[PDB]
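K.L.:
Structure incoming, see below.
Heads up, the Cβs are rebuilt from the backbone with ideal geometry, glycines too, and the neighbour counts pull from every protein chain shown. Derivation of every value follows stated rules applied to the coordinates shown; laboratory data play no part.
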There are 2 protein chains.
Amino acid sequence: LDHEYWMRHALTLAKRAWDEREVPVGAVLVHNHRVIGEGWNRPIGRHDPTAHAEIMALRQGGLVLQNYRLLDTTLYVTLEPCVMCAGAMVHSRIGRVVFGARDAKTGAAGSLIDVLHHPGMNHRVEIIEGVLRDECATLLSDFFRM
Amino acid sequence: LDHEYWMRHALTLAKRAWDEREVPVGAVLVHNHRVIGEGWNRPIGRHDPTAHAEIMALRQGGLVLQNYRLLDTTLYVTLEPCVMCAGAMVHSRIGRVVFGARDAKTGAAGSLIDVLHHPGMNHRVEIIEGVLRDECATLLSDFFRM
Ligand SMILES: [Zn+2]
Ligand SMILES: [Zn+2]
C-alpha cells in the first residue's frame, strides 16, 4: 500500500519529537487510505509517562471515528511498539501495525516479548517490520549519540 | 498501610465508572500517603481505547508531580491491570501496584501474562492482590449480569 509513503509521514512526526528533545518516535493511524490520527513521543514535556507516539495517534483515531474500537486501521510507527503501546493496539482492535526499526531490548512485537500474537489476547494485530528501517534507526541513533 | 482504606476510595471511583455504564474499575495513585491521581474506566464514553482507570490515574500523577517518572508510588486498582496498563506502570517506574480482583482471562500481573516481573523490563513493580477482593469482584459480576 506504499508503506514508505505513510512511514515518511511518521518520520516527519518523529522529527517533531526530536525538535522537542524527546526520543524521536512518530506514528500515524490510517483508515481507508486517510490519516485519522497522528502522534509523536512527548513524555518528558507533557509530564505523562503514557505519552508515546502510538498512544497519541490511537487517541486521535478514537475521536475521529467516534469509537474506541478502530477496526481495520493500520498504525505506522518509526520504532517497534513497547508493551504499553502493543496492549493499546490490542484493545483498539486495529488491523495492522507497520514499524521502522526494532527495539531489540524492550520492543514488544517479537523482540522482547510478542504481545500482539500472545495466545490469550482476544484480537490479533498483523505485523510488518523494517519499513524505511535505516531512516528510522539513524534518527534514534543520532538521538542517543547527542 | 491500610490498603483497604485506599481500595475503598478506588471502589468509589469504580462506581463512577458504573454510573457511566463503563466496566466498573477505579484506581488511585498514592505518594507519601496522599492521593496524587484518581482514575476510572471510560473508553466507550471518551471514544478512547486507552482510557482505563490506571492510565487516567498515572497521567494525573505525572501532572501533580511535574514528572513522567512516579517513583515510590503505589497504584491501587479494583481489578488486575491489563497488558496496556501494566506496561504504563513499568514506564512510570511506580513502586507498587495493589489490586482487588484477578482478571483470570487477560490480567497481566500473573494471570495471563506477568509483565511486571518479565525478565527484560528495566524496572520491577511490587504486587499485592486480593485487597477488598470480594467487594471488587461483585461490582464486576453485577456489571456483567446487567
Ligand atoms: Zn510505547
Ligand atoms: Zn488497562
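K.L.:
For the protein assembly as shown, compute Rg over Rh where Rg is the Cα radius of gyration and Rh is the Kirkwood radius from the inverse mean 1/r over Cα pairs.
P.N.:
Here the Rg-to-Rh quotient is 0.96.
K.L.:
Can you give the Rg/Rh ratio of chain A, where Rg is from the C-alpha atoms and Rh is the Kirkwood radius?
P.N.:
0.94
K.L.:
A further question on this structure: How many percent of all Cα-Cα pairs in the range A:64-119 sit more than 15 Å apart?
P.N.:
44 percent
K.L.:
Taking chain A as the reference, fit the longest principal axis to its C-alpha atoms, fit the long axis of helix A:3-19 to the helix C-alpha atoms, and give the angle between the two in degrees, 0 to 90, nearest 10.
P.N.:
50 degrees
K.L.:
Within 13 Å, Cβ to Cβ, of residue B:49, how many net charges do the neighbouring residues add up to if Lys/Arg are +1 and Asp/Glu are -1?
P.N.:
Taking every other residue near residue B:49 into account, the sum is +2.
K.L.:
How large is the charge dipole for the range B:104-146, taken about the Cα centre, if only the Cβ atoms of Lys, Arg (+1) and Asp, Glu (-1) carry charge, to the nearest 20 debye?
P.N.:
Charge dipole of the range B:104-146: 160 debye, to the nearest 20.
K.L.:
I would also like to ask the following. Would you mind ranking A:29, B:70, A:71, B:132 so that the residue whose beta carbon has the fewest other beta carbons within 10 Å leads the list?
P.N.:
A:71, B:132, B:70, A:29
K.L.:
Rg and Dmax of the range A:86-146, Cα atoms, in Å?
P.N.:
Rg and Dmax of the range A:86-146, Cα atoms, are 12.9, 41 Å.
K.L.:
While we're here: May I ask you to sort A:11, A:112 by Cβ crowding, counting other Cβ atoms within 10 Å and putting the fewest first?
P.N.:
Ranking A:11, A:112 by Cβ neighbours within 10 Å, fewest first, gives A:112, A:11.
K.L.:
How large are Rg and Dmax for the range A:1-40 when only the alpha carbon atoms are used, in Å?
P.N.:
10.4, 33
K.L.:
Something else: For the range B:16-92, take the alpha-carbon Rg, divide it by the Kirkwood Rh, and send me Rg/Rh.
P.N.:
Taking Rh as the inverse mean 1/r over Cα pairs, Rg/Rh reads 0.96.
K.L.:
I'd like the antiparallel share, as a percent to the nearest 5, of DSSP beta bridges with both residues in chain A.
P.N.:
Beta bridges within chain A, antiparallel portion: roughly 55 percent.
K.L.:
Where the label is 7 Å out from Cα toward Cβ, how close does residue B:117 come to the same position in every other copy, in nm, shortest first?
P.N.:
Counterpart label points of residue B:117 in the remaining copies fall at 2.9 nm.
K.L.:
Take every DSSP beta bridge whose two residues both sit in the protein assembly as shown, then give the antiparallel share in percent to the nearest 5.
P.N.:
55 percent
K.L.:
Just want the ordering: A:99, A:144, from fewest to most Cβ atoms lying within 10 Å of their own Cβ.
P.N.:
By the 10 Å Cβ count, ascending: A:144, A:99.
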